[PDB]
Amino acid sequence: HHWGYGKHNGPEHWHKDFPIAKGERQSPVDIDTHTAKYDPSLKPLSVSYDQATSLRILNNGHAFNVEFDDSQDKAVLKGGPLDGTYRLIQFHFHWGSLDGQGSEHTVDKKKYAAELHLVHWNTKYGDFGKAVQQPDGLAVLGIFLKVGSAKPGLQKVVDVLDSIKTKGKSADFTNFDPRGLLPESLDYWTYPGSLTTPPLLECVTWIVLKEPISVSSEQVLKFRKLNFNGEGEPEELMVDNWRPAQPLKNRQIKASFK
Ligand SMILES: NS(=O)(=O)c1c(F)c(F)c(SCCO)c(F)c1N[C@H]1CCc2ccccc21
């Protein structure tokens, strides 16, 4: 009886195994755009994905992860609200059963069809496992997806999904360039939070871009053919793998713009 996104193990239950689910800096949150404070001290985000080395794509039973070899100084996030360098380890998405839901963060209560999370760990802690034990261990760049025009740089992901339909499946996934998933603008909101999945550790500086990318209905439809079950088990479509917005508590969301 492990955690998930089904009818009886979802976000509302997670606190029983992971009591920080009710903690002081949980994610996601609703971004009240009127209340977010412009901070002229925030720096442009520096996203340096020029040397990124993807390796593999994995169906982990909750989402799929596109993995990067993070053993060298290659794909890094810095600037913005960050002190120091954070190295890209993987990206994944959260999405809905319908175009009208799927994002984890919301913007003035608006839900997007999906949300991309590029996960980075602070190199001052040496590797990801030690970083997640620290309050400044991770930086997650969140990007909203809306349904409209196709995102060409997404299609190589979408096309491999048939090979990783079910939980535990992986496939080689080299030479994938995450720059093709970025929107035009790097304007962002930022706040201190957590992983949005168990173990819900309070280790994340969130950086959520204001500009959503567009993907086509056909692309998101392919995400929704994935399965949460393993091979040889009854089909459980991988949809609605998002945690709802959590209490903001004693936090301020800062804006890099306007
Ligand atoms: N979505 S997240 O921002 O809270 C997250 C992280 F912040 C992470 F650091 C990690 S580990 C990244 C290194 O393998 C995640 F797996 C996930 N999430 C993955 C892992 C479990 C899960 C379930 C549903 C969608 C995605 C995922």
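Count residues from 1 along the sequence.
- Every residue two or more places apart in sequence or in another chain that forms a side chain to side chain contact (heavy atoms under 4.5 Å, CB included) with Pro199 is listed here: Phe18, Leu195, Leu201.
- A donor and an acceptor atom, one from each side chain of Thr166 and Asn227, are nowhere located under 3.5 Å apart.
- At least one side-chain heavy atom of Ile207 sits under 4.5 Å from a side-chain heavy atom of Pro81.
- In this structure the side chain of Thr190 reaches within 4.5 angstrom of the side chain of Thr205, judged on heavy atoms.
- Between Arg243 and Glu104, none of the side-chain N atoms (NZ, or NE/NH1/NH2) sits under 4.0 Å from a carboxylate O, so this pair counts as no salt bridge.
- Taking the side chain as every heavy atom from C-beta outward, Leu161 and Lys225 never approach each other to under 4.5 Å.
- Contact check for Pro183 versus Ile143: side-chain heavy atoms found under the 4.5 Å cut-off.
- Scanning both residues, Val239 and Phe228, for their nearest heavy atoms gives O-CZ, 3.5 Å.
- Residues meeting the salt bridge (charged side-chain N to carboxylate O under 4.0 Å, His left out) test with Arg251, sequence neighbours left out: none.
- For the side chain to side chain contact (heavy atoms under 4.5 Å, CB included) test, residues two or more places apart in sequence or in another chain that qualify with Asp50 are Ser48, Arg179.
- Residues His62 and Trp3 have side chains in contact (heavy-atom distance under 4.5 Å, counting atoms from C-beta outward).
- When the salt bridge (charged side-chain N to carboxylate O under 4.0 Å, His left out) test is applied to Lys110, no partner is found at least two apart in sequence or on another chain.
- Ring pair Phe91/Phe68 is tilted by interplanar angle, where 30° to 60° counts as tilted.
- Closest heavy-atom contact between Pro178 and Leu118: CB-CD2, 4.3 Å.
- Between the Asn59 side chain and the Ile164 main chain, a donor and an acceptor come within less than 3.5 Å of each other.
- Sorted by first and then second residue, the ring pair (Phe, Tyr, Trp, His ring centres under 6.0 Å) pairs involving residues 126-152 (not counting sequence neighbours) are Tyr112-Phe144.
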(message) Applying side-chain contact (heavy atoms from CB on, under 4.5 Å) to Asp240 and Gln101, what does each step give before you reach the verdict?
(response) CA-CA 8 Å; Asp240 295 319; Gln101 63 196 42; 2.9 Å; yes
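- Panel note: side chain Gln246, backbone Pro244; a donor-acceptor pair is recorded below 3.5 Å.
- Judged as a ring-ring contact (aromatic ring centres under 6.0 Å, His included), and not counting sequence neighbours, the contacts of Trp95 are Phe64, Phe223.
- Salt bridge annotation for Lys169-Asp162: absent, with no cationic side-chain nitrogen under 4.0 angstrom from a carboxylate oxygen.
- The shortest distance between side-chain heavy atoms of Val76 and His120 does not fall below 4.5 Å.
- Aromatic ring centres of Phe93 and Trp242: separated by at least 6.0 Å.
- Screening residues 115-139 for salt bridge (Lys or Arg N to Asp or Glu O under 4.0 Å) gives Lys124-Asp136 as the qualifying pairs, with residues at least two apart or on separate chains.
- Between the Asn65 side chain and the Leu58 main chain, no donor and acceptor come within less than 3.5 Å of each other.
- No side-chain donor-acceptor contact under 3.5 Å links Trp14 to the backbone of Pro19.
- Not a single donor-acceptor pair under 3.5 Å links the side chain of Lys254 to the backbone N or O of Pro40.
- For the pair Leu145 and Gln219, the minimum side-chain heavy-atom distance is 4.5 Å or more.
- Taking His92 as the reference, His94, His117 meet the ring-ring contact (aromatic ring centres under 6.0 Å, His included) condition, with sequence neighbours excluded.
- Qualifying side-chain hydrogen bond (donor to acceptor under 3.5 Å, both in side chains) partners for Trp189, counting only residues two or more places apart in sequence or in other chains: none.
- Using a 4.5 Å cut-off on side-chain heavy atoms (C-beta onward), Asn122 and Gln134 make no contact.
- Between the side chain of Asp99 and the main chain of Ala113, no donor-acceptor pair closer than 3.5 Å is present.
- With sequence neighbours excluded, the residues that form a salt bridge (charged side-chain N to carboxylate O under 4.0 Å, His left out) with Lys74 are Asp69.
- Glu236 has no carboxylate O lying under 4.0 Å from a charged side-chain N of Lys167, or vice versa, which leaves the two without a salt bridge.
- The two atoms that bring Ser214 and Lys151 nearest to each other are O-CB, 3.2 Å, heavy atoms only.
- In this structure, CG in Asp177 is found 10.0 Å from CD in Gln51, a value given to the nearest 0.5 Å.
- At distances below 3.5 Å, at least one donor-acceptor pair connects side-chain atoms of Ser27 with backbone N or O atoms of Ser194.
- Checking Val66, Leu181, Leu141 one by one against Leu116, the side-chain contact (heavy atoms from CB on, under 4.5 Å) holds for a single residue, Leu181.
- For residues 84-95, there are no salt bridge (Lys or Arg N to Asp or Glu O under 4.0 Å) pairs, not counting sequence neighbours.
- Here the side chain of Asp108 pairs a donor or acceptor atom with the backbone of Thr33 at under 3.5 angstrom.
- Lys249 meets the salt bridge (charged side-chain N to carboxylate O under 4.0 Å, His left out) test with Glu24; sequence neighbours excluded.
- Formation of a donor-acceptor pair under 3.5 Å by the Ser54 side chain with backbone atoms of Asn175 is found in this model.
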